[PDB]
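Per chain, numbering begins at 1; letters A, B, ... match sequence-line order.
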Amino acid sequence: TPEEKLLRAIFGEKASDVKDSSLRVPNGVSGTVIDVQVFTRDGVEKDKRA
Amino acid sequence: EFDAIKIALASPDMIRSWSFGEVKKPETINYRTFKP
Amino acid sequence: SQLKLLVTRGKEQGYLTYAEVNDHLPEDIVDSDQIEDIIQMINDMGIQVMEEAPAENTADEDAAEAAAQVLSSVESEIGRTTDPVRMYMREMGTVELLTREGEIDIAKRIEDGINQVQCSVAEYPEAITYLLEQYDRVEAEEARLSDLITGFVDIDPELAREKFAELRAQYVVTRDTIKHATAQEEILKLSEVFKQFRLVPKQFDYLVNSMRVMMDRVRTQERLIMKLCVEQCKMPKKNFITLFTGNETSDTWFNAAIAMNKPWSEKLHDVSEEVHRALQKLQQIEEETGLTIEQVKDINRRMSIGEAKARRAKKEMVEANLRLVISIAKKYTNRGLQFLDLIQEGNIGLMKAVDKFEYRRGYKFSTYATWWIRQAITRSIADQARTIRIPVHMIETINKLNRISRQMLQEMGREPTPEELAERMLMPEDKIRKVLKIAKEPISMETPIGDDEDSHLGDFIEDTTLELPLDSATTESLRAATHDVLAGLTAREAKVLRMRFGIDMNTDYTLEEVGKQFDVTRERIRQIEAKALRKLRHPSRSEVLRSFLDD
Amino acid sequence: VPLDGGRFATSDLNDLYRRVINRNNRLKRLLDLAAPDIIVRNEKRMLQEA
Ligand SMILES: CCC[C@@H](C)[C@H]1CC[C@H]2[C@@H]3[C@H](O)C[C@@H]4C[C@H](O)CC[C@]4(C)[C@H]3C[C@H](O)[C@]12C
Ligand SMILES: CCC[C@@H](C)[C@H]1CC[C@H]2[C@@H]3[C@H](O)C[C@@H]4C[C@H](O)CC[C@]4(C)[C@H]3C[C@H](O)[C@]12C
């Protein structure tokens, strides 16, 4: 917008260009992580945790 | 604003008055660029 | 009667059972849908079908009386059918089939009609000039030699060029030899030598259409004269027949008919200008035609007769061939398109066949058609069977994969893998995954997903283009804060910032126009803008504007 | 509306509108071919039904 451009200028902050579509605990829940499992397609690189 | 709702049959002239253009192809969107 | 008896109980109990209705039902054989029609007709006054034996009345008498009258008609009815496919079978079951000799007569009728049409268009040879001009332009390399004409009735380009040279020689020796006793013979010879040539359908049709346009212009002029001399002047038709016909060129029939001492002649004075203009246009066109319009009129009559004969001829051929298409079409009943649609699409391919069929090669039609029909059904099933249209090529590819996949499963006792499919086919594997993603048909948004509240699937799909209300309040808060930090500045710099960025205005003016109004050369206005920015930058003037900096 | 996984969800009105438009276009094309009146009558019946 016209004021979000001026604000970015004064503070010199640029666009992220990526979202934050991350998984997070549902509000009100509180437990411990007891298991994690990763499934990857055939063509993918199988990151370190996998 | 409005004080009544009147109802009646529509003339073809009125139906053309509502419209902003004529649909001529059964197409919906492109299958790769998902654009209209 | 029987229906009335059925009503008797309906009302007496207020309800009835499917069995009692079906039984009291008039023996009148009903094709299911008819029974469906009457059930509601009875439901009109209100009744409970209840396959089993048994909640208030809210039916207007008007509905009731009308339902009663239509119910009476149902009994008096004979073969009422509310089904298009059934109606089609009946209207089609009224034309006999043709035997093997039954297409030869039709085919020769078609050939005779088209020959008559060709000669009639041939008689009007003015087009020959247009054909010669087109050939000259083509020989100027504007187009291909073989595109303009599909050969001659003879096989080599040199022969065609020789024939064109002879045609041009005859055209020049005939056009410049009108001075009339022998000119007609020269024109006939020119037409005869032109008959040996063969023209592409598009160019021939264009010539025919141009001739039709000219004839329609002449007819428009004649009818304009007729309306300006009859309706306005009540001119007797006998005078028109006597004068206009016989010469049809000079102004004697109209201009020199004003001195007939008749009221219509005097009334023609008012409309003499427009009719005179029409006569001038005709004289020119009559010269352009260079032929008696009556002769032309007879040419058009003969052409019309031939065309009508040809059209009614194929008509019968296509009626027996409608007798067909029903078979091939039933082979694709569940392919995503409705049966009557498949049949109507086949009827068009059948028409295409009949017009391109040559009986000389003695092909069984029922074979020069069973193809043209299937091509047209499949082309359709591919071009209008899916809500998101797919190219014919992609559909072919998808069908091929679905097959190669069935065979691989039967000989592997396991669904194949995108890798094994790519190997078995000839595809870069990623292409297979792209074709294996072309989403199948869209899901119905009314698909019942319930058992709790009778809610549909479309109820759970959210809107993702909506601004959250804390972002609309945040926006207004910045649109304000900006006013504070900026107002806390002097006028000229504040307006510089306002114009540069577009705060409260309708354009992000560049430096040039800002200098125009503020009188300068960019660098100074650039100077004024930078001071302001470094200024609003220091703390004690940018704490809340900082807060608006998501972090 | 597009869904997850490339699937699409559509309203049933799109099917009905496509039916109407296909049959109307076919009728217009068939009137220009001077087809036998049986075909045009059947096409008009189909258009009415759609
Ligand atoms: C039985 C109750 C109806 C409802 C719960 C069932 C019936 C058909 C099912 C959908 C369809 O399969 C099409 C898609 C398939 C994808 O894999 C997951 C989503 C998708 C919309 C399905 C979710 C759900 O499972 C549906 C709506
Ligand atoms: C009791 C019936 C189950 C019903 C509540 C479940 C079964 C399938 C689920 C839908 C499907 O996932 C398809 C869509 C996926 C989107 O991401 C969110 C919307 C969407 C409609 C889903 C919402 C909901 O979760 C659905 C309708």
Side-chain angles (χ1 to χ4, degrees), chain C residues 82-85 87-89 91-92 94-95 307-308 310-312 314-319 321-322 325 337-341 343-348 350-352 354-355 380 383-389 434 436-440 442-447 456-458 460-464, chain D:
Chain C
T82 54
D83 181 9
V85 54
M87 301 179 49
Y88 188 57
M89 263 47 168
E91 181 162 340
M92 186 184 64
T94 63
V95 47
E307 185 69 356
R311 190 181 68 87
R312 56 96 169 178
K314 309 173 185 178
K315 186 177 310 174
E316 293 115 12
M317 179 47 58
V318 175
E319 299 166 347
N321 311 162
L322 268 26
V325 179
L337 210 63
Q338 282 210 344
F339 187 47
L340 213 29
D341 304 357
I343 299 179
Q344 276 280 332
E345 294 160 347
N347 296 347
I348 214 62
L350 191 87
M351 301 173 54
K352 200 174 177 197
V354 180
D355 206 2
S380 95
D383 279 342
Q384 61 198 31
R386 300 166 69 98
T387 167
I388 307 178
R389 197 181 67 89
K434 176 182 180 180
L436 256 42
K437 215 163 309 179
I438 299 299
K440 24 281 162 298
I443 323 167
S444 193
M445 244 166 174
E446 302 85 7
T447 182
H456 293 160
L457 178 132
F460 303 93
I461 293 165
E462 97 179 23
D463 195 341
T464 45
Chain D
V1 65
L3 296 186
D4 306 0
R7 294 235 59 175
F8 278 91
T10 195
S11 187
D12 293 355
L13 285 175
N14 296 320
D15 187 325
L16 304 173
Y17 279 122
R18 280 176 44 253
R19 198 81 52 71
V20 173
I21 296 164
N22 282 323
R23 294 181 178 182
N24 191 27
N25 286 341
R26 196 185 305 155
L27 204 177
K28 287 192 299 182
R29 183 212 313 170
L30 211 139
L31 287 174
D32 285 351
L33 300 180
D37 286 336
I38 303 98
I39 306 300
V40 305
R41 287 178 189 175
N42 187 225
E43 187 59 46
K44 292 167 180 177
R45 265 199 295 275
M46 294 193 325
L47 211 206
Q48 173 78 250
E49 185 203 14

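Atom CE of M46(D) sits about 5.5 Å away from atom CG of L340(C), to the nearest 0.5 Å.
Partner of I39(D) under the side chain to side chain contact (heavy atoms under 4.5 Å, CB included) criterion, chosen from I348(C), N347(C), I343(C), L350(C): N347(C).
Comparing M87(C), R312(C), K314(C) by how many heavy-atom pairs each has under 4.5 Å with chain D, the most go to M87(C). Per-residue heavy-atom pair counts under 4.5 Å with chain D were compared for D341(C), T447(C), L322(C), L457(C), and the maximum is reached by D341(C). Note: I38(D) leads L33(D), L3(D), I38(D) in heavy-atom pairs under 4.5 Å with chain C.
With a 4.5 angstrom heavy-atom cutoff, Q384(C) touches chain D via backbone and side-chain atoms both. For chain C, the nearby part of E49(D) is the side chain; its heavy atoms alone come within less than 4.5 Å.
Applying the salt bridge (charged side-chain N to carboxylate O under 4.0 Å, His left out) test to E307(C) and every residue at least two apart in sequence or in another chain returns nothing.
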Show the atom names and distances, to 0.1 Å, of all donor-acceptor pairs under 3.5 Å that link a side chain in residues 11-20 of chain D to residues at least two apart or in another chain.
residue	atom	partner	partner atom	Å
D12(D)	OD1	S444(C)	OG	2.8
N14(D)	ND2	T10(D)	OG1	2.6
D15(D)	OD1	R19(D)	NH2	2.8

Could you go through the salt bridge (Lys or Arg N to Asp or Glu O under 4.0 Å) check for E43(D) and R23(D) one step at a time?
CA-CA 7 Å; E43(D) 187 59 46; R23(D) 294 181 178 182; 5.7 Å; no

